[PDB]
Structures are given as structure tokens and as C-alpha cells.
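So the structure is just underneath, and the comments pick up after that.
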Amino acid sequence: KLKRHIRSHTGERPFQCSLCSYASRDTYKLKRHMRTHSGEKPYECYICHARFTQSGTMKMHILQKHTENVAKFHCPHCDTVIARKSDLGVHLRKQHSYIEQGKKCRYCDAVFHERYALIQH
DNA sequence: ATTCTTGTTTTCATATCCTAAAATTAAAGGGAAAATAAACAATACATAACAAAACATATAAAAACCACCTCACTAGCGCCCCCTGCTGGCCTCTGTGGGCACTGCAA
Ligand SMILES: [Zn+2]
Ligand SMILES: [Zn+2]
Ligand SMILES: [Zn+2]
Ligand SMILES: [Zn+2]
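For the first sequence, PDB author numbering begins at 365 and goes up steadily by one.
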């Protein structure tokens, strides 16, 4: 485990994908990459029978599509609710990240440093 | 008639032999002190026999040493999710762009 861990600092990727440029830190990530070229798909969502490449994708599918009463995530800055955490990530990166050079209002001279305040104005 | 050699008994003579008294001298006999020898008895040394102590061999008696087996630890590499975060389309809801019909005002 520690031998495998040290590549997280160094960056060694001693496992090459013979069919593309990808290179993984350990055996499992390479075996998981192989399904995309071979097209093998061992796992199956038992409810809708929709097809997926990856187990975790299926688990998130079940959680968002065939599950009830699941907790959501509220943006701290704005008042909108959205389902997935990673989409809350992309929301904070595209709308509430600090914009260095600023953006000016289309109709007045006021300049803003966050896209949210701009759209709100 | 007178003178001269030669042979044979007589008688002193001078060495020898015999005779006996001295002396004497060595033998020989006895008294006695050494004295070597010898017979016997004692001591010390050497040899042989018996009994015991010391040395060497066998054996087995614990006992020590070495090697193998075995039951673990130590590495080793996948194996398998699993969770978490970024990424790249996707789509639909606001929002950017525009054509154009419509109206209020004042000729
Ligand atoms: Zn590949
Ligand atoms: Zn499903
Ligand atoms: Zn927000
Ligand atoms: Zn403005």
C-alpha cells in the first residue's frame, strides 16, 4: 500500500495502456480503463436495465433515479437547490469563483468581480 | 900290569801316609713366643616366590552435537471495491439579437 502511495507524490505511472496514452498508478485503474476499449460491462443496474461503463456511475444512477427522500445540497451564496455535489462544484467554479480582471454590466458602468453579482445586477 | 866304563845292591832322605789328641763346629734337642691357618658361627646380600596394586581395554551409559522437519513470520503482488474530485458533453431555462406591426403626436 505504501509503495503504491509514493506514486501519489512522485508521479510514477508504471502501467501503460497499450491502446492509448493513458497510464495509471496501479493495476486496478488500468483494468478499469480496459473496459472502455474492450467494451466489456460486468455490472448491471437491476431496476431500469440502463447500460453503464462503471459501477460507481451505476450507484449514482440508482441514487439519483430510483431512490426517494435523498438529501440535496444548497449553494451557500445563492438560493438555488441542486441534486449532485459535483454539480455544486461546477456551480461554484463557473458562477461564484473570483474573476480577476472583472466583468462590467452590459447596461451601466458598474464593474463586478463575481459572475453571480453580475447576473443578479 | 895299569887304567877306564857299566851294572847292580845299600843306605840316607825326603816326601807321604797313618794315628791320635785337641777343638770345634755344626747338628740336634728342647722352651717358648709369634703366627698363619682353619673350623665354626654370624651377618649381610641376593634371589625367588607370593600376593596385591596399578595399568589398560572394553563397553555401555548417559549425553552431547548436528541436521531435518515443521509451524509460524516476512515479503510479495494482485484483487476489489470505495470514495472523492475533476472533466467533457448535454440540455433547457433564461437571455441576447432582431424583424416588424403598432401607436401617439403633431402637422
Ligand atoms: Zn486506452
Ligand atoms: Zn437505474
Ligand atoms: Zn450558487
Ligand atoms: Zn447595469
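The beta carbon of each residue, even a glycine, is placed where N, CA and C say it ideally should be.
Excluding its 5 nearest sequence neighbours in each direction, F476 has C-beta neighbours in its own chain below 6 Å: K467, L482, listed in chain order. Beta-bridge partners assigned by DSSP to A387: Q380.
For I446, the CB contacts under 8 Å within the same chain, skipping 5 residues up- and downstream, are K436, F437, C439, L452, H455 in chain order. The beta carbons of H441 and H460 sit closer together than 8 Å. In this chain, the beta strand (DSSP E) harbouring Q465 covers 462-468. Across the set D390, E408, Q380, the C-alpha of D390 shows the shortest separation from the C-alpha of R368.
Not one heavy atom of ligand 3 sits closer than 7 Å to the Cβ of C381. Remark: the shortest separation between the CB of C472 and any heavy atom of ligand 1 does not fall under 7 Å.
Contact check for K405 and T417: beta-carbon distance about 6 Å, within the 8 Å limit, so the pair qualifies. For the pair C381 and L366, the CB atoms are not nearer than the 8 Å cut-off.
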